[PDB]
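Undergrad: Give me the fold of what follows.
(one chain, ligands or ions: 2)
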Amino acid sequence: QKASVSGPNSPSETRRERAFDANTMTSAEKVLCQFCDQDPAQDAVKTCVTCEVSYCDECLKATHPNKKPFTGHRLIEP
Ligand SMILES: [Zn+2]
Ligand SMILES: [Zn+2]
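TA: Numbers count the residues shown, from 1 in each chain. Ligands and ions are numbered 1, 2, ... in the order given. See the structure here:
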């Protein structure tokens, strides 16, 4: 002899964290991919000196379609 109801409490105790500071050295940021247009864009982990512009991976994949190891364009000198 007892009662039992379904659908217990569920208080949304979730939180977030947003920020928008200037360009500062923290760990892994670097310049933003100019070709990107995500807004925010994707970090540019590449830089083609010949193109004179810094790009990311994805972009580099479309713009610089290389099948490795590096038979495509050029990058930051050694
Ligand atoms: Zn990009
Ligand atoms: Zn290039």
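Undergrad: Check whether stretch 31-45 comes near ligand 2.
TA: No. Using C-beta under 5 Å from the ion, stretch 31-45 never reaches ligand 2; the gap is at least 10.9 Å. From N, CA and C alone the C-beta is placed, and that goes for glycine too.
Undergrad: contacting residues around that stretch?
TA: With C-beta atoms under 8 Å, 6 or more residues apart in numbering as the test, stretch 31-45 has contacts from 28-30, 53-59, 63.
Undergrad: for it, which positions count as buried?
TA: Neighbour counts over stretch 31-45 (16 or more other C-beta atoms under 10 Å) mark 32-33, 35-36, 42-44 as buried.
Undergrad: just to revisit the earlier point, return the subset of the contacts of stretch 31-45 lying in strands.
TA: Those of the contacts of stretch 31-45 mapping onto strands are 53-55, per DSSP state E.
Undergrad: could you dump those to a markdown table with distance to ligand 2?
TA: A markdown table is the format used below for the ones in strands among the contacts of stretch 31-45 (distance: C-beta to the ion, whole Å):
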| residue | distance to ligand 2 |
| --- | --- |
| 53 | 8 |
| 54 | 10 |
| 55 | 8 |
